[PDB]
């Protein structure tokens, strides 16, 4: 079955950088939309990025455009979130999330355990 595991969270300075990794098991990346969703206690979850293999587009939340960048290592089946210019409001648990690429949902059906990012 689809399984995801995030890593790389921690405490980072204001305006700093951090690179999260999501390792996968059970599928090839090109069959799925994949990306990142975050949730801070007290707020509903917020999509951060989502990648579609139908045309290779990555969608980003307006709040992170230009600061956060998604990438994949297709051979290693691992995806990444490169965060730059971190702000205190970026503090949240970050999940990598995926859906089978059939047009009905996107970065929704499966998620990992999450990794905490805390910005001072």
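Numbering follows the first chain given and starts at 1.
Looking at 88-96 and 61-69 together, the entry lists the larger mean B-factor for 61-69, computed on C-alpha atoms. In the PDB entry, a CA B factor belonging to the middle third of its chain's modelled residues is recorded for residue 26. Residue 33: CA B factor in the lowest third of modelled residues in this chain (values from the PDB entry).
Ranked by C-alpha B-factor against the other modelled residues of its chain, residue 3 falls in the middle third. In this PDB entry, residue 54 carries a Cα temperature factor that places it within the highest third of its chain's modelled residues.
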